[PDB]
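Consider the single chain below, provided in structure tokens and representing the form deposited in one PDB entry.
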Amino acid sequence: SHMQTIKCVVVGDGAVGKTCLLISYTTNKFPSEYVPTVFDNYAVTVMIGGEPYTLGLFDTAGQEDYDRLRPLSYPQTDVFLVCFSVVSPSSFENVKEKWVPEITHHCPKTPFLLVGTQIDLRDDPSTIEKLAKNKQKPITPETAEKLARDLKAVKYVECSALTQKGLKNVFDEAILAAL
């Protein structure tokens, strides 16, 4: 038997760190030393209990100017990664308002996960201060657990591309849910 190829699709607001985590995990690089690429999308082989899987990572533009074309890549998806920044409250809001609704439509039974990003920013003075000045705290794990089950995600996971904590787990669970 030849290796199985799990189509995974990443969706979430622009600037939540979508492309950053994809490139980071798949090139085995820290953000700071990406050799820039003109091409989109990413392929990575992951080891899930004995077996090698080739994970196909489809990167989507999160802006409205692309609302119409984005879903063209939604047919065939085996699992969805819905991203939001744990330090961008609007990010979180789009999850419930725009994102999981957008996908649940086309791929009704397709499983998705709740991915929260940039969690290393939780320990950042500048960012924290920015939040306070609008009367806000970064999304916390548990609150994100809630959203998850409510909206019926397989589960919720979080990571930092920058410190690469949680990074492996994210794409693991991604493969588990797609299976």
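Take the two forms, superpose them, and find the largest set of C-alpha atoms that agree within 1.5 Å; that set is the rigid core. One-based numbering along the sequence shown.
In this crystal structure, the stretch out of 121-129 and 37-45 whose C-alpha atoms carry the higher mean B factor is 121-129. Higher average CA B factor: 151-159, of the stretches 20-28 and 151-159. Placement of the Cα temperature factor of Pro141 within the chain: middle third of the modelled residues, per the deposited record.
In the PDB entry, a CA B factor belonging to the highest third of its chain's modelled residues is recorded for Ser73. In this PDB entry, the Cα temperature factor of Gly56 sits in the bottom third of its chain's modelled residues, the lowest group.
Split the chain's modelled residues into thirds by C-alpha temperature factor. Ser85 is in the lowest one. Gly116: CA B factor in the lowest third of modelled residues in this chain (values from the PDB entry).
There is another form of the same protein, the form deposited in another entry; it is not shown, and what comes next is about it.
Note: rigid core superposed between the shown form and the other one; among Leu121, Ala144, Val154, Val46, the CA shift is 2 Å or more only at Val46. When the rigid core is held fixed, the Cα atom of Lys133 travels 2 angstroms or more between the shown form and the other one.
Shown here is a form in which the CA atoms of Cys159 and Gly49 lie at least 3 Å closer together than they do in that other deposited form.
With a change of no less than 3 Å, the CA-CA distance between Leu167 and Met47 is larger in that other deposited form than in the form shown.
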